[PDB]
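*Asks:* Chains as they are written, first to last, in the deposited numbering: chain A, 1121 to 1236, 1252 to 1363; chain B, 348 to 390; chain C, 36 to 800; chain D, 1 to 67; chain E, 71 to 196, 225 to 281; chain F, -105 to -101, 195 to 227, 274 to 319, 356 to 422; chain G, 1 to 109; chain H, 731 to 876; chain I, 901 to 1050.
For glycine and all other residues, C-beta sits at the position ideal for the given N, C-alpha and C.
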Amino acid sequence: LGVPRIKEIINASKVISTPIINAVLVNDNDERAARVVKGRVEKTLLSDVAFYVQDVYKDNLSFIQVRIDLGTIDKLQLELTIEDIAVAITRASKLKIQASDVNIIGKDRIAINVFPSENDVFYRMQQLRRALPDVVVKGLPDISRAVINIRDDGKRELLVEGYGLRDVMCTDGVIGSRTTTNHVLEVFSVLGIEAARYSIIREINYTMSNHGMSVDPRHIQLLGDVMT
Amino acid sequence: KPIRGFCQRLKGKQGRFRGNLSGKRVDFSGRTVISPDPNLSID
Amino acid sequence: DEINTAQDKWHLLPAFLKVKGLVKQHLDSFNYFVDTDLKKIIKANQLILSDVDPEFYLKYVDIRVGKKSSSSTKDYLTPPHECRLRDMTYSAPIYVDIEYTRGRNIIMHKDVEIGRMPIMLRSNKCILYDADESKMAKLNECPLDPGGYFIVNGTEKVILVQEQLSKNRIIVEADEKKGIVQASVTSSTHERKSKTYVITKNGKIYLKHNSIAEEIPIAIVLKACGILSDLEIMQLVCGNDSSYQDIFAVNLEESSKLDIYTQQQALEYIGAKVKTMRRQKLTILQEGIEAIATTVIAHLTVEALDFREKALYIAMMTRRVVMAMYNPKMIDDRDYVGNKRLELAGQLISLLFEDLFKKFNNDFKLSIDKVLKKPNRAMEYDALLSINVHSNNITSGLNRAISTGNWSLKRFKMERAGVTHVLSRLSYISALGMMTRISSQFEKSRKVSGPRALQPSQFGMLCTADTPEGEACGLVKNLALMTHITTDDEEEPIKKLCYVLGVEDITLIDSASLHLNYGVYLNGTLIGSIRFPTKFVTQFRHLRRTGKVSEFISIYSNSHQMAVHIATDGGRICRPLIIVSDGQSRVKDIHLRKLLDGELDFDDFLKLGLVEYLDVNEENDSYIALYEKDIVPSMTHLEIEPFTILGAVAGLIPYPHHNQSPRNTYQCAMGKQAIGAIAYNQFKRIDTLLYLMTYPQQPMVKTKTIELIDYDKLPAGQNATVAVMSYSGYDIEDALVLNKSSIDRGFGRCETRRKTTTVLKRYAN
Amino acid sequence: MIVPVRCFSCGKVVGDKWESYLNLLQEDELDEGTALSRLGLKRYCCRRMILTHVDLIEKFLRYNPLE
Amino acid sequence: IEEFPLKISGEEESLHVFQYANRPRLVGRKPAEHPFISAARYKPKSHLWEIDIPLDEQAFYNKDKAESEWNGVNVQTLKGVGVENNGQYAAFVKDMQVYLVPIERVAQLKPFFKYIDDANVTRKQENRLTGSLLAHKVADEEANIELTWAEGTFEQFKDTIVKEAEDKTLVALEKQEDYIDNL
Amino acid sequence: XXXXXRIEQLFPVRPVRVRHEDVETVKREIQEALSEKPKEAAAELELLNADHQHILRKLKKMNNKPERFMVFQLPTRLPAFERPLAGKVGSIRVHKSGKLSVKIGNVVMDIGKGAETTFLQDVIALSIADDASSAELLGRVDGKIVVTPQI
Amino acid sequence: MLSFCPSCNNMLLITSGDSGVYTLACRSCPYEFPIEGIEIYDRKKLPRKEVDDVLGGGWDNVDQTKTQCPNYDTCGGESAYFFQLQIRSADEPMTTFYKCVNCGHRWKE
Amino acid sequence: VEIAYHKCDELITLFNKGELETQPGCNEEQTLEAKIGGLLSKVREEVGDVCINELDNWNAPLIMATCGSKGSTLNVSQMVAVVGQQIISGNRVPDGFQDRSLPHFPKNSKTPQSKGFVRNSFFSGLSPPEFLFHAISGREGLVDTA
Amino acid sequence: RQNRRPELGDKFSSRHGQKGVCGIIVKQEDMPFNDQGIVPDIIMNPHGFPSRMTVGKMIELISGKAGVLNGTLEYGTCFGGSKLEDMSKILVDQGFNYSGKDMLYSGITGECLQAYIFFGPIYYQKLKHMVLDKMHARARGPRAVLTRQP
Ligand SMILES: CCC[C@@H](C)[C@H]1CC[C@H]2[C@@H]3[C@H](O)C[C@@H]4C[C@H](O)CC[C@]4(C)[C@H]3C[C@H](O)[C@]12C
Ligand SMILES: [Mg+2]
Ligand SMILES: [Zn+2]
Ligand SMILES: [Zn+2]
Ligand SMILES: [Zn+2]
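#1: Would you give the residue range spanned by the beta strand (DSSP E) that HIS86 of chain E belongs to?
#2: Exposed or buried, which one is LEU66 of chain D when buried takes at least 16 other CB atoms within 10 Å?
#3: I think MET728 of chain C touches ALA714 of chain C, with their Cβ atoms under 8 angstroms apart; what is that distance to the nearest whole Å?
#4: Once the 5 residues before and after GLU1162 of chain A are set aside, which same chain residues still bring their CB inside 6 angstroms of it?
#5: Using the beta-carbon of each residue, which ones in chain F are nearer than 8 angstroms to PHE567 of chain C?
#6: Report buried or exposed for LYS737 of chain C, applying the criterion of at least 16 other Cβ atoms within 10 angstroms of its Cβ.
#7: Is any heavy atom in ligand 3 found nearer than 7 angstroms to the beta carbon of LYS12 of chain D?
#8: Could you tell me which residues DSSP puts in a beta bridge with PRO153 of chain C?
#9: Give the secondary structure of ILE375 of chain F by DSSP, where H, G and I count as helix, E and B as strand, and everything else as coil.
#10: Please list the terminal residues of the continuous beta strand (DSSP E) segment that includes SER1182 of chain A.
#11: Looking at the structure shown, is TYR159 of chain E part of a helix, part of a strand, or coil, going by DSSP?
#12: Please confirm whether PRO1021 of chain I and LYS965 of chain I have their CB atoms less than 8 angstroms apart.
#13: How close, in whole Å, do the beta carbons of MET152 of chain C and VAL100 of chain C come, if the pair is a contact with beta carbons under 8 angstroms?
#14: Whose CB is closer than 7 angstroms to a heavy atom of ligand 4? List the residues in chain order.
#15: Run the proximity test for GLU168 of chain C: is its beta-carbon closer than 7 angstroms to any non-hydrogen atom belonging to ligand 2?
#16: Beta strand (DSSP E) containing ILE680 of chain C: first to last residue?
#17: So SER963 of chain I contacts chain C; which residues on that side make the cut at Cβ distance below 9 angstroms?
#18: My output table needs one value for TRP45 of chain C: the three-state DSSP class, helix, strand or coil.
#19: Does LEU294 of chain F have its Cβ less than 8 angstroms from a Cβ in chain G?
#20: Mind checking whether the beta-carbon of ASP122 of chain C lies closer than 7 angstroms to any heavy atom of ligand 2?
#21: Compile a chain-ordered list of the residues in the segment 172 to 186 of chain E whose CB is closer than 9 angstroms to at least one CB of chain G.
#22: Would you mind telling me which residues of chain H sit closer than 7 angstroms to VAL955 of chain I, beta carbon to beta carbon, in chain order?
#23: So does residue 68 of chain D have its beta carbon nearer than 7 angstroms to some heavy atom of ligand 3?
#24: Within 7 angstroms: the Cβ of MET49 of chain D and any heavy atom of ligand 3?
#25: Give me the pocket residues for ligand 5, defined as CB within less than 6 angstroms of any heavy atom, sorted by chain position.
#26: Measure the alpha-carbon distance for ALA406 of chain F versus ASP523 of chain C and round it to whole angstroms.
#27: With 9 angstroms as the limit, tell me which residues of the segment 102 to 118 of chain E have their beta carbon closer than that to any beta carbon of chain C; keep them in chain order.
Set out below in structure tokens:
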């Protein structure tokens, strides 16, 4: 929030440091009112719910097994049981190597089959083992993390650190008409140019009001009007 | 490569535009240390 | 009254300063140069030959400065003030003994002069060495002048101390959004090279250089260096740690993905990628060119079959990169005072003289060859006439370099601008501050505050206030009052002592149990491993304190990267401290009374092992008491006197611990613009600009430092009677009210002195 | 260089007491304060005019060009 | 209390100490085994040792690719440069007394794959030299002295050792402070 | 810690995989697990005592065995004696109250154990003669003893 | 997989060789291993996650002084948080930033 | 002041022997710092308030601060009573050595008077380490503004 | 050579960073005086002390006054030097206020000043910056050959 922030706003840089989304909730309850909507906007939880990963070989088949425990999902209130994880894994396989088949047996003890040039099966098995527990199984693959904040009024709202604005406005459990972000360029792409002008004016007023500088609002208004 | 071509005669902080066109050196001017004076009126 | 150690402890500081002056870096370095490095360079570039005339050779047997035979202290020199007045250069002649022959195969000698060498003020060669009050007066020299500068063409120039990042030391630095890149700039006598050790992608680590093509995997170079087991790599760069093995083993299979490897195949892979030999003997262009390209990858020299030392060097570099991959904050800081070295005036003059000597030898050889191009009457007699005519180029170049400060060399292709600076004569303290001043290293990076902040580690080694604000804040530094820079002592003789003490050779241990023990290092190169590192370090420190090894060799430990480090190079800032044993100081008071009486001139304190030197790194092992009343029975040292945190210019402030720090810095800056006495011969002098005070006065509130630097003999100020009050409204913001009739009686009365130089030169007509 | 004739604050003539001060210090050894008080220097300004003095002329005179 | 007079014995011996970077020791409480070897090799003026260990075909041999790529591979070849280290002394207890014999050099033996290199030298086909290049050229040019193993003929060395150690009785002249100057 | 998964001498080789938090603790157990023979000052004193009793036990164990050998690391340039090396150089004597020391004749030292080696070691005599070159096998190296001078 | 070949310690691989066998190849020396009668597997433990906590803020335990807010007529502020961490020049004095503990108005002096 | 150093001793010994209760935003290593960084701030403020209350009528620093012509009660509290805590880059002074700020303190030190807390006043005179910490804190702004 | 009188505009300093430019030069009679008639050479605004926090200056003034009276030079060194209580005792043994504040008279009206004044010797220094070397003024004259600008 210093002259680097003023410089970013003034330069209209497409990438800034520390972008923050302010999502306004609907309810007020710490347990199963804020966490149920925080769980829908988070990062790669495959290794966060996998609880181990196995590399298994046999007479003719080469396996990769993951034992996705359900107690952690029962604690962190998440909306995914078996097939959401399987669909995410198949999407990741399409993204990275290949989609052939995914077996599910019990307690989410998923298995993955491999076959195709020598040692290619071993190389691909090693790559899959290393790169498996790094694919998003729920939420937004564009957002670092979210934290629930206790407001001065007592309200319990969470604010998001990343670039997923439209997805957050669309997620269930948040007020989409009251949701803002740091990025004026993000506001411009989704909300329009007048919204971006308002965002520029507010961000300048905040960055120069938190430092103790007393500037008339009309100067900043003219700056925004010229910039946009 | 320290040679002064035509392009080098127009660029930089001390070129034509930023050194001799938008900002110059003027006649009838001076410069010395300052001291206070209460009995000097403001203005 | 008896001798109280609590208050009489500080008397060691005057004893130190008596035999180790404030200007002693310059003096000591130049002394050592003219005593040893001249002969070393002569021994290096000794014999100049010719292809023709197979019975002909030229040899330099011996060199000297300002001395022909063993008597009378020959070569009367023009006094420095005479040189200063006449616009000459204070220099002395260089002599050599020439070994030349004839077609009759005779051995003849001589005492041949080969130019003039500028002599540093107050050295073994300067006339002012150990002058008396009378002699200085006869030669028109002020006794209170610091010294340590050159007069060249009538101007006083000084070589500032130059900050550098230490050479031959692994420096692991992380980075965000990328990974870890670690480097080691290895500068040998003639070639310098940085073996960057970077991370490209995928969590695999490569090797880099300017003489290799692209991205050598570390497993391949480790196989090229004799570690071909492909599991010996694992136990080397990961130990037994699971968190390291999985993060490293990505690239354990890149040495098999291309194909299986042996040593020769890996060498071939590397050697296909080297650049060239600058178009010379390209018949080596095979696997055999790696027998030299692995030799030229680090300052570590391999000259036989085994590559174990360089192999394990790269393995340890790999281990550091793997640790920094596991987590940041295992990296080291490049602004840490213990990661930096100091280079003095003699060290640079050595390089300059070597380069000039080589150019002179080349031109002498071409002149001899051209004379011999005639097919008749090859008369080697009077060949020394050519050397006597041609030798003026070395003197001219020496003067040009040492009076321009632009050092452009060719042996290293190093080009620096602004080495020397003109000595400032604005006050007595201005020159003394020009000495003991340190200029920053390269990679200035003004936009970042890294090399700008004060460091806790510079306690008692660099002055905490002396800093020029403006735009060079934190880049220029100054020395503290009690410091001492090291000299490169040895590397070999103490390695045998290491092996005697209990460490095992690196060629006996296994990669399996390498990381289960503490490993000793010598100047950053792994030497072995030892059990009981504490016992090893205790015995080593005892042997150094009893004088069996050098007094500037530092040994310590590091529990993070389990190791004991031993440093022996030059350029490390030290400072004396008092050893405390079993909760008892080793001074015992009697030693202090003996020092006061006249014995024990601070050399016997080191000789008896009561005090000792410490660099920044051994201070990590140290645990020092500020005052004697703070000595718990778990301390290691006690400092001699805790006001040497400040330097010489900072020693003028009274009660500096009662002001804010920016005020102390502002006083350090502007105590050098104060006008007063300058020297005892300021009226015999003729300078570009002088400022003098008619009636200077001693300050009423002294400091223990101004007595040590003789500021009370050449002071610049007056004790005014002051009334702190609001008066007349003309003193509103840093404006003063001066008493007329104090000016009339003569108060703040000064004098200016400029000079004009004219030359009546001769023309070709 | 040499002792100033008068005192910067008062105007009291102290130019004739430098030699007396030195003689009192050397012969008939005395404290500096008692020497200053025996010389009639009572105000602290006049006392400092003689206490805080460096005789630089004796050091400039070793370099006379007419030796 | 109890005193073990350790003696010193004949130094006119070219003792060498082998180290194997592959084969471990003490797979269990048992102190492992000493492998069967044959066809040792040496190289004077470079001290390049070479040792041959014959492989086993009845277990884990892969004869097909073995023969298909390399003409015959039934022996393991270990190379290794024998470096000179100072202060090493080999100890064996003959009586309650210890017996010290110096080690001339120590070599660290690592696997040597000649057959792959031969594969390149058959397939890819279809001036002062100072430093380690000269050493490499000497080692690969003047080569291949030939040796014979002696697995258990240790019946002609201990006698000399127990005799070359019982041949002198000396007295020291260096003091305790003096040794500090020596070392 | 954990371990990822004539017959037993030819099974695939697996590395030692100890947890990062544990490696410091087990490192004081790995040293005593590499032998398997058939506040930084107190720790080092205890290690010295344990190594002393260990090496005394080994000295007793190797009373008379053909294939057992030991390696001693000595200070280079040990005190040269007077000609009356070859012969007897002091003694390695067991001290009192469970201590061990080595005497060279005028100087006493500290005798300890070296680093632990996880491989085989063999001692070999060599001859350069062209008529016959031999490699006589003697025994297998037991362990390493490092000797350090002390006041 | 990370297993090493006995007697050469190089590396073990799974090979797409002949007759559909995924045996444990070496590629450095002639060493083979039949997988038949399988028990091999590679277990990698994985820390899952923890229940994260809020970030309300702790204005308590922050530096406090005794000043007056500029907009006193609106909010009555007799205390304020501060830091003396702005120094323009050395000759010029330090600068102190405040914030109203009552309303939250930042300003500097 | 001795009261607030005993509580800091208690917090240090708790965080060492066991696992101290962890504040929401920060970790166990940061919980201790963020606690003592207010445990010292409160005592600094109370001592300053006491000295201002005891200040005399016709005290020139007080008249200037009350006038708004020069200075502040914070400045005069630093001059008279205590200049408390020297912080750089946002919090207490980072280590310059291995697990230490200076070689005069024991290894693994987090007590006040070891990380940039001065209990002296300018009237009393800073010790060598307080002197150095205050020097670093002062240099920060100088190297920032340019 | 050139001899220079401390004109109005010359810069001074006091070893505590309190640099300043001479603002006015006043006659001796228009200066506050004590019982003995001592008149100060320099008067400095007290407003430079509280915001800059230079109390080493104050201790220097007291120590200098006591040392002048006692006939000895005093030591102000880092983490030590002459103690303030000793200087106060020496200053009270000679009939001066222990805190260095003295009752002076106005020189313009003659009557006592209603506030006691901090009075004593402070070591100053004259700096090389002089208004003589800075006063520049141009009406017309030399111009650059290329741009024809001053
Ligand atoms: C995690 C890193 C992702 C980053 C590279 C991607 C992810 C989201 C992207 C932004 C959004 O699309 C919205 C905007 C669209 C405009 O046209 C250009 C700007 C704008 C801010 C984008 C810039 C850039 O493309 C971003 C930051
Ligand atoms: Mg200013
Ligand atoms: Zn007077
Ligand atoms: Zn193999
Ligand atoms: Zn408010």
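*Replies:* Taking the definition as stated:
#1: Counted from its first residue, the fifth sequence places residue 86 of chain E at position 16. Segment 85 to 90, the beta strand (DSSP E) holding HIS86 of chain E.
#2: For the purposes of this step, residue 66 of chain D is taken as residue 66 along the fourth sequence, with counting starting at 1. Result: exposed.
#3: For the purposes of this step, residue 728 of chain C is taken as residue 693 along the third sequence, with counting starting at 1. For the purposes of this step, residue 714 of chain C is taken as residue 679 along the third sequence, with counting starting at 1. The pair is not a contact, with the Cβ atoms about 13 angstroms apart (cut-off 8 angstroms).
#4: Residue mapping note: residue 1162 of chain A aligns to position 42 of the first sequence, counting from 1. The residues are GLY1274.
#5: Residue 567 of chain C sits at position 532 when you count from the first residue of the third sequence. Correct list: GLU279, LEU282, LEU283, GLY383.
#6: Your numbering for residue 737 of chain C matches position 702 in the third sequence. Answer is buried; the Cβ neighbour count reaches 16.
#7: As a working note, residue 12 of chain D is residue 12 in the fourth sequence. Yes, since a heavy atom of ligand 3 falls inside the 7 angstroms radius drawn around the Cβ of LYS12 of chain D.
#8: For the purposes of this step, residue 153 of chain C is taken as the residue at position 118 of the third sequence. Per DSSP, C:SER126.
#9: Translated into the one-based positions of the sixth sequence, residue 375 of chain F becomes position 104. Reduced to three states, the DSSP call for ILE375 of chain F is coil.
#10: Taking the first residue of the first sequence as 1, we reach residue 1182 of chain A at position 62. Here the beta strand (DSSP E) through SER1182 of chain A covers 1182 to 1187.
#11: Translated into positions along the fifth sequence, residue 159 of chain E becomes position 89. Correct three-state label for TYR159 of chain E: strand.
#12: Along the ninth sequence, read from residue 1 onward, the residue named residue 1021 of chain I stands at position 121. Along the ninth sequence, read from residue 1 onward, the residue named residue 965 of chain I stands at position 65. Yes, these two residues count as a Cβ contact at 8 angstroms.
#13: As a first step, residue 152 of chain C must be located in the third sequence, where it is residue number 117. As a first step, residue 100 of chain C must be located in the third sequence, where it is residue number 65. Confirmed, about 6 angstroms.
#14: G:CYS5, G:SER7, G:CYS8, G:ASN10, G:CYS26, G:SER28, G:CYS29, G:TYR31
#15: For the purposes of this step, residue 168 of chain C is taken as the residue at position 133 of the third sequence. Every heavy atom of ligand 2 is 7 angstroms or more from the Cβ of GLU168 of chain C, so no.
#16: Along the third sequence, read from residue 1 onward, the residue named residue 680 of chain C stands at position 645. Neither: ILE680 of chain C is in no beta strand (DSSP E) and is coded neither H nor E.
#17: Looking up residue 963 of chain I in the ninth sequence gives position 63. Per Cβ cutoff of 9 angstroms: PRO689, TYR690, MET735, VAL736.
#18: Reading the third sequence from its first residue, position 10 is the one you call residue 45 of chain C. If DSSP states are grouped into helix, strand and coil, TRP45 of chain C belongs with the helices.
#19: In the sixth sequence, the residue the question calls residue 294 of chain F occupies position 59. Not an interface residue.
#20: Here the question's residue 122 of chain C lines up with position 87 in the third sequence. The answer is no for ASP122 of chain C.
#21: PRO181, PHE183, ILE186
#22: Residue numbering aside, residue 955 of chain I sits at position 55 when the ninth sequence is read from its first letter. In chain order: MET809, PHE852, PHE853.
#23: Absent from the structure is residue 68 of chain D, since the part of chain D shown begins at 1 and ends at 67.
#24: The count along the fourth sequence starts at 1 and reaches residue 49 of chain D at position 49. Under cutoff, so the answer is yes.
#25: G:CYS69, G:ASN71, G:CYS75, G:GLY77, G:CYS100, G:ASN102, G:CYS103, G:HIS105
#26: Locating residue 406 of chain F in the sixth sequence gives position 135, counting from the first residue. Locating residue 523 of chain C in the third sequence gives position 488, counting from the first residue. If you take the alpha carbons of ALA406 of chain F and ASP523 of chain C, they lie about 46 angstroms apart.
#27: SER116, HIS117, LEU118
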